[PDB]
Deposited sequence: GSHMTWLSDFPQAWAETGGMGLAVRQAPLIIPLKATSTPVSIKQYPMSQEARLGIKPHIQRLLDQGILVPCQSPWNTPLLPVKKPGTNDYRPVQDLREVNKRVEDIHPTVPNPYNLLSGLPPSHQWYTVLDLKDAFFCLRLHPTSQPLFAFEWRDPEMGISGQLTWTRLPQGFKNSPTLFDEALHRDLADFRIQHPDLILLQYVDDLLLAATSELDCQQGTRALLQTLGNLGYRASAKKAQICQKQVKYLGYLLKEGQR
């Protein structure tokens, strides 16, 4: 199967990703910014117990680490932990938004390429390391009143809710896939952050290109969802469109 042939490329079998060719990211602040420390609003026990196994897994994976930081933003329960990074986002220097909008992205899909593979990268932002100098920016408080730990944690990887994560990830993956594009000039590769479309002229070419793309992604440290993958189809769902008969 596709599963057995590419164990490193699939999130199901390859472990959590880590983009090994990408330098840890430094996040420049606006020229006047100073740290902001917002106290954690009390959380119900139900919410804390709901969030707790997620925090523990991320600690076990090294994606969260303890820290002491003059920055602090609140964690809210939604259970899944969601950090309110709005006050951090306000203090981080803006970057040019380079992620294309889906409409324009799909304009570069010619009618000659009607065999599609769609891949969805799992935990994409977490594949990109943060430089240690930038980690304290994203700190939050974590209380386990049972275990007694009160203290801060922060992220060692590009975090959810940070305003520049989609653009930084898209630019990083473009750098990492630049050689693949050169090695496969007859394939069409559309990147929308963690959502990838590979298009070829034939089933065979789509199979060989998909093999090459999975091998490349896994080698670089990214991980695709084997469950969601649409491999070598003439109809796929991509970015909310149904791609069928060259339409949409």
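Student: Comparing the deposited sequence against the modelled residues, what ranges come up empty for C-alpha?
Tutor: Unmodelled stretches, in sequence order: 1-4, 83-89.
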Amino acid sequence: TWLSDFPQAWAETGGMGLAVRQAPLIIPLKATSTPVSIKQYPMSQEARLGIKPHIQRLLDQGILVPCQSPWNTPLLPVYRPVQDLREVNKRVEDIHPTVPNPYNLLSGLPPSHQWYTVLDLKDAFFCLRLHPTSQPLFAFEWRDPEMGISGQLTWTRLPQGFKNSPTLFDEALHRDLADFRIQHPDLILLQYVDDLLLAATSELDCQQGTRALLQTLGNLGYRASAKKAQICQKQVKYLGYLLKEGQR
From here on, numbers count along this sequence of modelled residues.
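By rigid core we mean the largest C-alpha set that fits within 1.5 Å across both forms.
Student: Comparing 150-158 with 118-126, which has C-alphas lying farther from the shown form in 9 other deposited structures of this protein once the core is aligned?
Tutor: The more displaced stretch in 9 other deposited structures of this protein turns out to be 150-158.
Student: Determine, for 41-49 and 28-36, which one has C-alphas that on average lie farther from this form in 9 other deposited structures of this protein; superpose on the rigid core first.
Tutor: Checking 41-49 against 28-36 in 9 other deposited structures of this protein, I find the farther stretch is 41-49.
Student: Please work out which of 162-170 and 135-143 has the higher mean CA B-factor as recorded in the PDB entry.
Tutor: Higher mean C-alpha B-factor: 135-143.
Student: Select between 46-54 and 180-188 the stretch whose C-alpha atoms have the higher average B-factor in the entry.
Tutor: The stretch with the larger average C-alpha B-factor is 180-188.
Student: Which one of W71, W115, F126, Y103 shows the top CA temperature factor in the record?
Tutor: That would be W115.
Student: Per the entry, which of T34, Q61, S37, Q207 tops the list for Cα B factor?
Tutor: Each of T34, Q61, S37, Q207 was compared by C-alpha B-factor; the highest is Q207.
Student: Could you look up the Cα B-factor of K122 in the entry and say which third of the chain it sits in: lowest, middle or highest?
Tutor: Middle third, going by the recorded CA B-factors of the chain.
Student: Ordered by C-alpha B-factor within the chain, which third holds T98? Give me lowest, middle or highest, please.
Tutor: CA B-factor rank for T98: middle third.
Student: Going by the entry, which third of its chain does the Cα temperature factor of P24 land in?
Tutor: Answer is lowest: the recorded C-alpha B-factor places it there.
Student: Which third, lowest, middle or highest, does the CA B-factor of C67 fall in along this chain?
Tutor: Within its chain, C67 is a middle-third residue by C-alpha B-factor, going by the deposited values.
Student: Compared with the other modelled residues in the chain, in which third is the CA B-factor of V92?
Tutor: It falls in the bottom third of the chain.
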